[PDB]
file model20.txt (compact mmCIF, N, CA and C atoms)
# COMPACT_ATOMS: atom_id res chain seq x y z
N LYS D 1 -56.40 31.49 -7.33
CA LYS D 1 -55.84 30.83 -8.55
C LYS D 1 -54.36 30.52 -8.33
N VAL D 2 -53.72 29.88 -9.31
CA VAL D 2 -52.28 29.49 -9.28
C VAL D 2 -51.50 30.42 -10.22
N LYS D 3 -50.48 31.09 -9.69
CA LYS D 3 -49.62 32.03 -10.44
C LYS D 3 -48.16 31.58 -10.33
N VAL D 4 -47.52 31.24 -11.44
CA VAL D 4 -46.11 30.75 -11.46
C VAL D 4 -45.19 31.96 -11.67
N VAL D 5 -44.38 32.30 -10.76
CA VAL D 5 -43.54 33.46 -10.80
C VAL D 5 -42.11 33.06 -11.18
N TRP D 6 -41.43 33.68 -12.16
CA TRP D 6 -40.01 33.34 -12.46
C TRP D 6 -39.11 34.47 -11.95
N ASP D 7 -37.85 34.16 -11.65
CA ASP D 7 -36.84 35.18 -11.29
C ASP D 7 -35.49 34.71 -11.81
N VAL D 8 -34.64 35.64 -12.20
CA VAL D 8 -33.20 35.36 -12.41
C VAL D 8 -32.45 36.22 -11.39
N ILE D 9 -32.01 35.62 -10.28
CA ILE D 9 -31.17 36.33 -9.27
C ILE D 9 -29.69 36.13 -9.64
N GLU D 10 -29.02 37.25 -9.90
CA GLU D 10 -27.57 37.37 -10.19
C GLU D 10 -26.82 37.27 -8.85
N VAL D 11 -25.87 36.33 -8.75
CA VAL D 11 -24.95 36.19 -7.58
C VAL D 11 -23.59 35.74 -8.12
N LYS H 1 -22.40 34.01 -10.48
CA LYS H 1 -23.21 33.10 -11.33
C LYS H 1 -24.59 33.73 -11.61
N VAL H 2 -25.48 32.95 -12.24
CA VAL H 2 -26.90 33.31 -12.57
C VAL H 2 -27.82 32.16 -12.16
N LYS H 3 -28.75 32.43 -11.24
CA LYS H 3 -29.68 31.43 -10.66
C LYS H 3 -31.09 31.75 -11.16
N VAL H 4 -31.78 30.76 -11.71
CA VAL H 4 -33.16 30.90 -12.26
C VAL H 4 -34.15 30.15 -11.35
N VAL H 5 -35.12 30.85 -10.96
CA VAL H 5 -35.91 30.42 -9.83
C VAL H 5 -37.39 30.37 -10.16
N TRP H 6 -38.12 29.42 -9.61
CA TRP H 6 -39.57 29.38 -9.81
C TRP H 6 -40.20 29.11 -8.44
N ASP H 7 -41.23 29.87 -8.08
CA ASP H 7 -42.14 29.55 -6.95
C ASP H 7 -43.56 29.77 -7.45
N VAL H 8 -44.45 28.81 -7.20
CA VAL H 8 -45.93 28.95 -7.41
C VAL H 8 -46.53 29.60 -6.16
N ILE H 9 -47.33 30.66 -6.33
CA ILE H 9 -48.14 31.30 -5.25
C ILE H 9 -49.60 30.88 -5.46
N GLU H 10 -50.26 30.32 -4.43
CA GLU H 10 -51.74 30.12 -4.41
C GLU H 10 -52.41 31.47 -4.12
N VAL H 11 -53.03 32.02 -5.16
CA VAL H 11 -53.47 33.44 -5.27
C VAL H 11 -54.99 33.48 -5.01
N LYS Y 1 -38.03 31.92 3.10
CA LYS Y 1 -38.94 31.15 2.19
C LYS Y 1 -38.12 30.09 1.44
N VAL Y 2 -38.79 29.28 0.62
CA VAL Y 2 -38.18 28.19 -0.19
C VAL Y 2 -38.14 28.63 -1.66
N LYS Y 3 -36.95 28.62 -2.26
CA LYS Y 3 -36.72 29.01 -3.67
C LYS Y 3 -36.06 27.85 -4.40
N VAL Y 4 -36.71 27.30 -5.43
CA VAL Y 4 -36.19 26.15 -6.21
C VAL Y 4 -35.41 26.70 -7.41
N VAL Y 5 -34.16 26.49 -7.50
CA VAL Y 5 -33.31 27.03 -8.52
C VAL Y 5 -33.02 25.96 -9.58
N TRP Y 6 -33.18 26.20 -10.89
CA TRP Y 6 -32.80 25.18 -11.92
C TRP Y 6 -31.52 25.62 -12.62
N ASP Y 7 -30.76 24.67 -13.16
CA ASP Y 7 -29.57 24.97 -13.98
C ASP Y 7 -29.46 23.90 -15.06
N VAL Y 8 -28.96 24.26 -16.23
CA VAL Y 8 -28.48 23.28 -17.23
C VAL Y 8 -26.99 23.54 -17.39
N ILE Y 9 -26.14 22.72 -16.76
CA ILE Y 9 -24.66 22.80 -16.95
C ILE Y 9 -24.26 21.88 -18.10
N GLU Y 10 -23.68 22.49 -19.14
CA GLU Y 10 -23.11 21.84 -20.34
C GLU Y 10 -21.74 21.26 -19.96
N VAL Y 11 -21.54 19.96 -20.19
CA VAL Y 11 -20.23 19.27 -20.01
C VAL Y 11 -20.11 18.21 -21.10
N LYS V 1 -21.97 16.29 -22.78
CA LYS V 1 -23.39 16.01 -22.44
C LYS V 1 -24.07 17.29 -21.92
N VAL V 2 -25.32 17.15 -21.44
CA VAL V 2 -26.16 18.22 -20.83
C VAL V 2 -26.76 17.70 -19.52
N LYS V 3 -26.44 18.37 -18.40
CA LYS V 3 -26.86 17.97 -17.04
C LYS V 3 -27.84 19.02 -16.53
N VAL V 4 -29.00 18.59 -16.05
CA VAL V 4 -30.08 19.47 -15.51
C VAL V 4 -30.18 19.31 -13.99
N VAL V 5 -30.10 20.38 -13.34
CA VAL V 5 -29.82 20.35 -11.93
C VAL V 5 -30.85 21.12 -11.13
N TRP V 6 -31.17 20.66 -9.93
CA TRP V 6 -32.09 21.41 -9.06
C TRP V 6 -31.47 21.41 -7.66
N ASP V 7 -31.43 22.58 -7.02
CA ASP V 7 -31.15 22.71 -5.57
C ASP V 7 -32.19 23.68 -5.01
N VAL V 8 -32.82 23.32 -3.89
CA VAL V 8 -33.69 24.24 -3.08
C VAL V 8 -32.79 25.01 -2.11
N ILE V 9 -32.92 26.35 -2.08
CA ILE V 9 -32.26 27.24 -1.07
C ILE V 9 -33.34 27.67 -0.06
N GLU V 10 -33.10 27.47 1.24
CA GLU V 10 -33.93 28.08 2.33
C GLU V 10 -33.53 29.56 2.47
N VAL V 11 -34.43 30.43 2.02
CA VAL V 11 -34.19 31.87 1.73
C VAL V 11 -34.76 32.69 2.90
N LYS S 1 -20.44 21.81 -2.78
CA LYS S 1 -21.90 21.71 -2.46
C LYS S 1 -22.46 20.44 -3.10
N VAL S 2 -23.75 20.16 -2.88
CA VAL S 2 -24.47 18.97 -3.41
C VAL S 2 -25.41 19.43 -4.54
N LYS S 3 -25.26 18.83 -5.72
CA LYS S 3 -26.06 19.14 -6.92
C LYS S 3 -26.74 17.86 -7.41
N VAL S 4 -28.07 17.82 -7.43
CA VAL S 4 -28.84 16.62 -7.85
C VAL S 4 -29.15 16.76 -9.35
N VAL S 5 -28.65 15.94 -10.17
CA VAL S 5 -28.79 16.01 -11.60
C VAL S 5 -29.87 15.03 -12.08
N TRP S 6 -30.86 15.41 -12.90
CA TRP S 6 -31.85 14.43 -13.44
C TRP S 6 -31.55 14.17 -14.91
N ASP S 7 -31.94 13.01 -15.42
CA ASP S 7 -31.84 12.69 -16.86
C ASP S 7 -33.02 11.80 -17.23
N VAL S 8 -33.52 11.93 -18.45
CA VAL S 8 -34.42 10.91 -19.05
C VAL S 8 -33.67 10.35 -20.26
N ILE S 9 -33.07 9.16 -20.12
CA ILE S 9 -32.42 8.47 -21.27
C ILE S 9 -33.46 7.56 -21.94
N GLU S 10 -33.71 7.84 -23.22
CA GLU S 10 -34.59 7.08 -24.14
C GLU S 10 -33.82 5.84 -24.60
N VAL S 11 -34.39 4.65 -24.40
CA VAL S 11 -33.85 3.36 -24.92
C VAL S 11 -35.04 2.47 -25.31
N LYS Z 1 -38.03 1.96 -24.42
CA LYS Z 1 -38.61 2.45 -23.14
C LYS Z 1 -38.06 3.85 -22.82
N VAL Z 2 -38.39 4.36 -21.62
CA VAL Z 2 -37.94 5.67 -21.06
C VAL Z 2 -37.44 5.45 -19.62
N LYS Z 3 -36.17 5.76 -19.37
CA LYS Z 3 -35.49 5.55 -18.07
C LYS Z 3 -35.20 6.92 -17.47
N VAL Z 4 -35.60 7.14 -16.22
CA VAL Z 4 -35.40 8.42 -15.47
C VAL Z 4 -34.36 8.22 -14.37
N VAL Z 5 -33.40 9.04 -14.40
CA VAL Z 5 -32.19 8.77 -13.68
C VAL Z 5 -31.81 9.90 -12.75
N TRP Z 6 -31.23 9.60 -11.60
CA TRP Z 6 -30.75 10.65 -10.70
C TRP Z 6 -29.36 10.23 -10.22
N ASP Z 7 -28.40 11.15 -10.27
CA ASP Z 7 -27.09 11.01 -9.57
C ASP Z 7 -26.82 12.33 -8.87
N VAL Z 8 -26.43 12.29 -7.60
CA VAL Z 8 -25.91 13.47 -6.84
C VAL Z 8 -24.40 13.58 -7.10
N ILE Z 9 -23.93 14.77 -7.48
CA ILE Z 9 -22.47 15.10 -7.61
C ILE Z 9 -22.09 15.96 -6.40
N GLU Z 10 -21.04 15.58 -5.65
CA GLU Z 10 -20.40 16.45 -4.62
C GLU Z 10 -19.51 17.48 -5.34
N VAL Z 11 -19.99 18.72 -5.35
CA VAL Z 11 -19.53 19.84 -6.22
C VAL Z 11 -18.61 20.75 -5.40
N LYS I 1 -39.58 10.85 -29.51
CA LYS I 1 -38.66 11.62 -28.59
C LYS I 1 -39.27 11.64 -27.18
N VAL I 2 -38.56 12.24 -26.23
CA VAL I 2 -38.97 12.36 -24.80
C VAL I 2 -39.40 13.81 -24.54
N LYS I 3 -40.62 13.99 -24.05
CA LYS I 3 -41.21 15.32 -23.73
C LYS I 3 -41.63 15.33 -22.26
N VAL I 4 -41.05 16.21 -21.45
CA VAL I 4 -41.36 16.31 -19.99
C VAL I 4 -42.46 17.35 -19.81
N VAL I 5 -43.59 17.00 -19.37
CA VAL I 5 -44.74 17.86 -19.23
C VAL I 5 -44.89 18.30 -17.77
N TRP I 6 -45.05 19.59 -17.44
CA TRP I 6 -45.30 20.00 -16.02
C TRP I 6 -46.76 20.42 -15.87
N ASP I 7 -47.30 20.32 -14.66
CA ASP I 7 -48.66 20.82 -14.35
C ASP I 7 -48.65 21.32 -12.91
N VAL I 8 -49.44 22.35 -12.62
CA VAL I 8 -49.79 22.71 -11.23
C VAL I 8 -51.30 22.53 -11.12
N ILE I 9 -51.75 21.42 -10.52
CA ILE I 9 -53.20 21.20 -10.24
C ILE I 9 -53.52 21.75 -8.85
N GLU I 10 -54.43 22.73 -8.82
CA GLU I 10 -55.00 23.38 -7.62
C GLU I 10 -56.05 22.43 -7.04
N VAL I 11 -55.92 22.08 -5.75
CA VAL I 11 -56.92 21.28 -4.99
C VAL I 11 -56.93 21.80 -3.55
N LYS J 1 -54.93 23.08 -1.46
CA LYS J 1 -53.45 23.08 -1.62
C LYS J 1 -53.08 23.30 -3.10
N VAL J 2 -51.78 23.18 -3.41
CA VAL J 2 -51.19 23.29 -4.78
C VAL J 2 -50.24 22.11 -5.01
N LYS J 3 -50.53 21.29 -6.02
CA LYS J 3 -49.77 20.06 -6.35
C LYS J 3 -49.06 20.29 -7.68
N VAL J 4 -47.75 20.04 -7.72
CA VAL J 4 -46.89 20.21 -8.93
C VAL J 4 -46.47 18.84 -9.47
N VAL J 5 -46.73 18.65 -10.68
CA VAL J 5 -46.74 17.32 -11.23
C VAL J 5 -45.84 17.20 -12.44
N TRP J 6 -45.19 16.06 -12.62
CA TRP J 6 -44.38 15.84 -13.83
C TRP J 6 -44.71 14.44 -14.34
N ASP J 7 -44.96 14.31 -15.64
CA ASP J 7 -45.00 13.00 -16.34
C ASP J 7 -44.20 13.17 -17.63
N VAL J 8 -43.30 12.23 -17.93
CA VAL J 8 -42.60 12.12 -19.24
C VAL J 8 -43.49 11.31 -20.19
N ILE J 9 -43.74 11.82 -21.40
CA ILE J 9 -44.43 11.10 -22.51
C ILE J 9 -43.35 10.68 -23.53
N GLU J 10 -43.29 9.38 -23.89
CA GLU J 10 -42.48 8.89 -25.05
C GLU J 10 -43.25 9.22 -26.34
N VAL J 11 -42.74 10.21 -27.07
CA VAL J 11 -43.42 10.95 -28.16
C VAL J 11 -42.91 10.39 -29.50
N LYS P 1 -19.79 4.38 -14.69
CA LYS P 1 -20.34 5.05 -13.46
C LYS P 1 -21.61 4.31 -13.02
N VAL P 2 -22.21 4.74 -11.91
CA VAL P 2 -23.45 4.16 -11.32
C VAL P 2 -24.62 5.12 -11.59
N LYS P 3 -25.67 4.62 -12.22
CA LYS P 3 -26.89 5.40 -12.56
C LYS P 3 -28.11 4.71 -11.95
N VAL P 4 -28.82 5.38 -11.05
CA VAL P 4 -30.01 4.81 -10.36
C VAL P 4 -31.26 5.19 -11.16
N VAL P 5 -31.95 4.29 -11.71
CA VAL P 5 -33.08 4.53 -12.57
C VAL P 5 -34.39 4.30 -11.78
N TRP P 6 -35.37 5.21 -11.78
CA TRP P 6 -36.68 4.94 -11.09
C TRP P 6 -37.75 4.67 -12.14
N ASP P 7 -38.79 3.93 -11.77
CA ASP P 7 -39.97 3.71 -12.65
C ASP P 7 -41.20 3.61 -11.76
N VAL P 8 -42.34 4.07 -12.25
CA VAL P 8 -43.65 3.73 -11.66
C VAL P 8 -44.41 2.95 -12.73
N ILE P 9 -44.46 1.62 -12.61
CA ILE P 9 -45.27 0.77 -13.53
C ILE P 9 -46.67 0.60 -12.92
N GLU P 10 -47.67 1.06 -13.67
CA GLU P 10 -49.12 0.95 -13.38
C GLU P 10 -49.56 -0.48 -13.75
N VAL P 11 -50.16 -1.19 -12.80
CA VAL P 11 -50.78 -2.54 -13.02
C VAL P 11 -52.03 -2.63 -12.14
N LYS G 1 -53.09 -1.55 -9.37
CA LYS G 1 -52.22 -0.91 -8.34
C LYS G 1 -51.15 -0.04 -9.02
N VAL G 2 -50.20 0.47 -8.21
CA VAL G 2 -49.03 1.30 -8.64
C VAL G 2 -47.76 0.76 -7.98
N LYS G 3 -46.80 0.33 -8.79
CA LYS G 3 -45.53 -0.30 -8.33
C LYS G 3 -44.39 0.66 -8.65
N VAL G 4 -43.56 0.96 -7.66
CA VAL G 4 -42.39 1.89 -7.79
C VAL G 4 -41.08 1.09 -7.71
N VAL G 5 -40.30 1.28 -8.68
CA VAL G 5 -39.23 0.35 -8.94
C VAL G 5 -37.88 1.04 -9.01
N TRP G 6 -36.82 0.40 -8.55
CA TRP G 6 -35.48 0.97 -8.69
C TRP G 6 -34.56 -0.16 -9.17
N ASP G 7 -33.74 0.12 -10.19
CA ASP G 7 -32.60 -0.74 -10.57
C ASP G 7 -31.41 0.18 -10.80
N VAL G 8 -30.25 -0.15 -10.23
CA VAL G 8 -28.94 0.51 -10.52
C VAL G 8 -28.33 -0.17 -11.75
N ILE G 9 -27.91 0.61 -12.75
CA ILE G 9 -27.14 0.13 -13.94
C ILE G 9 -25.68 0.57 -13.74
N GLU G 10 -24.71 -0.36 -13.83
CA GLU G 10 -23.26 -0.04 -13.92
C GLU G 10 -22.96 0.41 -15.36
N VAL G 11 -22.72 1.71 -15.50
CA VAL G 11 -22.73 2.48 -16.78
C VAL G 11 -21.27 2.70 -17.21
N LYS Q 1 -54.33 7.16 -14.85
CA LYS Q 1 -52.87 7.26 -15.16
C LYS Q 1 -52.09 7.49 -13.86
N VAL Q 2 -50.76 7.56 -13.95
CA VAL Q 2 -49.84 7.78 -12.80
C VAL Q 2 -49.29 9.21 -12.88
N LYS Q 3 -49.48 9.98 -11.81
CA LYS Q 3 -49.03 11.39 -11.69
C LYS Q 3 -48.12 11.52 -10.47
N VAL Q 4 -46.85 11.89 -10.67
CA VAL Q 4 -45.86 12.03 -9.57
C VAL Q 4 -45.88 13.49 -9.09
N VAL Q 5 -46.26 13.75 -7.91
CA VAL Q 5 -46.42 15.08 -7.37
C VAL Q 5 -45.21 15.43 -6.49
N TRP Q 6 -44.53 16.58 -6.65
CA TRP Q 6 -43.42 16.96 -5.72
C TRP Q 6 -43.89 18.08 -4.79
N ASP Q 7 -43.28 18.18 -3.62
CA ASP Q 7 -43.55 19.30 -2.68
C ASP Q 7 -42.25 19.62 -1.96
N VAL Q 8 -42.04 20.88 -1.62
CA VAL Q 8 -41.01 21.28 -0.63
C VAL Q 8 -41.77 21.92 0.53
N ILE Q 9 -41.98 21.18 1.63
CA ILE Q 9 -42.60 21.73 2.87
C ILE Q 9 -41.48 22.27 3.77
N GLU Q 10 -41.56 23.58 4.04
CA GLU Q 10 -40.68 24.34 4.96
C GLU Q 10 -41.14 24.06 6.39
N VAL Q 11 -40.22 23.59 7.25
CA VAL Q 11 -40.46 23.40 8.71
C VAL Q 11 -39.16 23.74 9.44
N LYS B 1 -36.04 23.61 8.96
CA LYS B 1 -35.41 22.84 7.86
C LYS B 1 -36.26 22.94 6.59
N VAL B 2 -35.88 22.17 5.55
CA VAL B 2 -36.57 22.05 4.23
C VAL B 2 -36.72 20.56 3.88
N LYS B 3 -37.96 20.10 3.73
CA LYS B 3 -38.30 18.68 3.46
C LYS B 3 -38.86 18.59 2.04
N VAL B 4 -38.32 17.69 1.23
CA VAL B 4 -38.73 17.47 -0.19
C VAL B 4 -39.46 16.12 -0.31
N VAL B 5 -40.59 16.19 -0.84
CA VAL B 5 -41.53 15.11 -0.70
C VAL B 5 -42.04 14.61 -2.04
N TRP B 6 -42.29 13.32 -2.17
CA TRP B 6 -42.88 12.80 -3.41
C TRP B 6 -43.99 11.82 -3.00
N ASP B 7 -45.16 11.94 -3.61
CA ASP B 7 -46.22 10.90 -3.56
C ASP B 7 -46.73 10.72 -4.98
N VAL B 8 -46.85 9.47 -5.43
CA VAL B 8 -47.54 9.10 -6.71
C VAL B 8 -49.04 8.95 -6.42
N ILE B 9 -49.90 9.60 -7.21
CA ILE B 9 -51.38 9.43 -7.19
C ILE B 9 -51.77 8.58 -8.41
N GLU B 10 -52.51 7.48 -8.21
CA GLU B 10 -53.18 6.73 -9.32
C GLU B 10 -54.43 7.50 -9.74
N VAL B 11 -54.34 8.11 -10.92
CA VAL B 11 -55.25 9.18 -11.43
C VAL B 11 -56.23 8.54 -12.42

call {"tool": "encode", "arguments": {"input": "model20.txt", "output": "structure tokens"}}
result
Amino acid sequence: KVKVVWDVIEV
Amino acid sequence: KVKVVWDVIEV
Amino acid sequence: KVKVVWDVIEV
Amino acid sequence: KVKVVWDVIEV
Amino acid sequence: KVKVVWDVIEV
Amino acid sequence: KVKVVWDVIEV
Amino acid sequence: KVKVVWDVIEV
Amino acid sequence: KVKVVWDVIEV
Amino acid sequence: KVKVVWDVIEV
Amino acid sequence: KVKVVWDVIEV
Amino acid sequence: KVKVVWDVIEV
Amino acid sequence: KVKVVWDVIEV
């Protein structure tokens, strides 16, 4: 199946 | 800064 | 890997 | 205004 | 750096 | 109509 | 108004 | 494969 | 400024 | 068919 | 209808 | 490298 993954990387 | 990221994984 | 980053910069 | 931006990072 | 900005202007 | 626009900014 | 719709179609 | 799609609708 | 507009007209 | 079009507007 | 598909192929 | 690709499909 299709899984949309989100991230907020702090830099 | 703050970076918001999306990648789709074919699962 | 490839990471697509989005931003909305207010100006 | 409001500017929507995309950059791909090779991670 | 290089930042690609998109817009949809309604007219 | 609907116009879709792209400009690159050297940031 | 303008509504941007996204899809991930698996093929 | 996995295809990511965008269409703008004038609403 | 200079704004490059794209379209896909279906015919 | 499908026709892809570009016009630059001096904004 | 017309569907614009994007991809980032890593090579 | 990283290659960004677009193809329109007549759907």

call {"tool": "select_by_dssp", "arguments": {"input": "model20.txt", "residues": "chain G", "states": "strand (DSSP E or B)", "output": "ChimeraX atom specification"}}
result
/G:2-10

call {"tool": "write_last_selection", "arguments": {"input": "model20.txt", "atoms": "N, CA and C atoms", "output": "tab-separated table (two decimals), in the coordinates of the input"}}
result
chain	number	residue	atom	x	y	z
G	2	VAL	N	-50.20	0.47	-8.21
G	2	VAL	CA	-49.03	1.30	-8.64
G	2	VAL	C	-47.76	0.76	-7.98
G	3	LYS	N	-46.80	0.33	-8.79
G	3	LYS	CA	-45.53	-0.30	-8.33
G	3	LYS	C	-44.39	0.66	-8.65
G	4	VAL	N	-43.56	0.96	-7.66
G	4	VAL	CA	-42.39	1.89	-7.79
G	4	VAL	C	-41.08	1.09	-7.71
G	5	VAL	N	-40.30	1.28	-8.68
G	5	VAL	CA	-39.23	0.35	-8.94
G	5	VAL	C	-37.88	1.04	-9.01
G	6	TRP	N	-36.82	0.40	-8.55
G	6	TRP	CA	-35.48	0.97	-8.69
G	6	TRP	C	-34.56	-0.16	-9.17
G	7	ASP	N	-33.74	0.12	-10.19
G	7	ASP	CA	-32.60	-0.74	-10.57
G	7	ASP	C	-31.41	0.18	-10.80
G	8	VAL	N	-30.25	-0.15	-10.23
G	8	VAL	CA	-28.94	0.51	-10.52
G	8	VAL	C	-28.33	-0.17	-11.75
G	9	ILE	N	-27.91	0.61	-12.75
G	9	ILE	CA	-27.14	0.13	-13.94
G	9	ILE	C	-25.68	0.57	-13.74
G	10	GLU	N	-24.71	-0.36	-13.83
G	10	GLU	CA	-23.26	-0.04	-13.92
G	10	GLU	C	-22.96	0.41	-15.36

call {"tool": "residues_around", "arguments": {"input": "model20.txt", "residues": "residue 11 in chain G", "least_positions_apart": "5", "cutoff": "7 Å", "atoms": "only C-alpha atoms", "output": "number ranges by chain"}}
result
P: 1-3

call {"tool": "atom_distance", "arguments": {"input": "model20.txt", "atom1": "atom C of residue 10 in chain B", "atom2": "atom C of residue 6 in chain P"}}
result
17.1 Å

call {"tool": "atom_distance", "arguments": {"input": "model20.txt", "atom1": "atom N of residue 5 in chain Y", "atom2": "atom N of residue 5 in chain Q"}}
result
17.6 Å

call {"tool": "atom_distance", "arguments": {"input": "model20.txt", "atom1": "atom C of residue 7 in chain P", "atom2": "CA of residue 4 in chain J"}}
result
17.8 Å

call {"tool": "axis_aligned_box", "arguments": {"input": "model20.txt", "around": "range 5-11 of chain B", "padding_each_side": "4 Å", "output": "lines of an AutoDock Vina configuration file"}}
result
center_x = -48.4
center_y = 11.5
center_z = -6.6
size_x = 23.6
size_y = 17.5
size_z = 19.7
